[PDB]
Structures are given as structure tokens and as C-alpha cells.
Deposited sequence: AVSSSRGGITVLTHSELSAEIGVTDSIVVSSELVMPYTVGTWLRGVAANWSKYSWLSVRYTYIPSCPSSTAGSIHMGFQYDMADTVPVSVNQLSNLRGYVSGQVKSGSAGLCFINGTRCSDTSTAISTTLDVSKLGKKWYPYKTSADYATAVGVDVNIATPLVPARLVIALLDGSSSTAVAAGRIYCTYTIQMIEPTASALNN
């Protein structure tokens, strides 16, 4: 049967350096958070009803985020390339407070927040399999466009402008989501 879950969770630790760092992460239940990782493994398939990442400061540097929908694409390498992507967002790596709004799930003057939402209304299909990191790498190894039907999207993140060549703790990214899960099964 259809089960609905809405919840927020720590999704990544952020560090800044002087040299830009593009890295990305798949938007599936396995990867967003270690709680939902565990919870959703008890259903075979899922469907995002709403997902958002949002940075929280805790200094010199810039943070950059946006989504790709075809696992077939090449992951940007410059702030520029990234600048094109859907759901593009950016701000100062020491700015962010106004965000907690969305994570604490309350209220409100957002303009100043570093946060972006999956399109959902523009995803591939409705029901994706619960898949794991390993699974994705694996699949990719055969045909890339095998993967886009395994994973709804990927968040790509850029981090430059640091004043240190050594990584400096800047803040973090929280996923807040509303997922539906069908088809029970043994963890």
C-alpha cells in the first residue's frame, strides 16, 4: 500500500578551499540520509513527492547547487557550467541561517537562503526501485542511460573561493523530503 513520509535529515558535511570542488550525489533514498536509507529499504519502490536540499552555515567561499535529470549528462566542471543547471542556487558559504525555516519546517524571509527543490514535475517515471550506491556505480559501468531509470536525479555541488588551500569547515546540507513507498519486503 502507499505509505507517506516527510522528514529532514543531515545529508552532507561541507568544506571550502581556494580551488573549486565539484562533487555530486544521487537523489535516492539510499543517499539523502542514513535514517531514510534504513527506512526505505523495507519497500521495493518509491516516488518523491517533494525533495529539497538547503545549506546551513556554521567565512571565505561560495557554495553552488543545481540538478541533473539525465544520469547520461556530464557533471559540470566549472562554476559556469553548473550555473546553467535547473534548480541552480548559490550564495556565500558563511551565509545561510534563514534556511532553518525549511528544515525545522516552520516560517520565512527566504530570499536570503541557499536552498533548492527537485522539480519532481519533470522526473522520468513515477516509481523507481530502492537502489543503493554500489548499485548505481555498477549499472553506470554498462550503459549510462540504464541509470536514469534507476535514479530520479543527481544533486551537483560546487565549492570555491575558499581562502585556504586546506579544506575549511563551512556548513552543511540538509535534505527535507516527502516520499511515498510501496511494496513491502525483507530489509
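The deposited chain is incompletely modelled, with C-alpha atoms absent over 1-7, 66-69, 119, 200-203.
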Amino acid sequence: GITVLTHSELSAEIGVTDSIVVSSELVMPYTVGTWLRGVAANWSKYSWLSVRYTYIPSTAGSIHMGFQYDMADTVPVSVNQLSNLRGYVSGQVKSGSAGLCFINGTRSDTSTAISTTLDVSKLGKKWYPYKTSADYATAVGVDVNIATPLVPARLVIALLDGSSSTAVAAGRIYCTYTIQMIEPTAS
From here on, numbers count along this sequence of modelled residues.
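Higher mean CA B-factor, judged across 71-79 and 109-117 from the recorded values: 109-117. Taking only CA atoms, the mean B-factor in the PDB entry is higher for 118-126 than for the other of 28-36 and 118-126.
When the modelled residues of the chain are ordered by C-alpha B-factor, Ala41 sits in the lowest third. The PDB entry assigns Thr59 a C-alpha temperature factor belonging to the highest third of its chain's modelled residues. Among the modelled residues of its chain, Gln180 has a C-alpha B-factor that falls in the lowest third according to the deposited record. In this PDB entry, the Cα temperature factor of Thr6 sits in the bottom third of its chain's modelled residues, the lowest group. In this PDB entry, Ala139 carries a Cα temperature factor that places it within the highest third of its chain's modelled residues.
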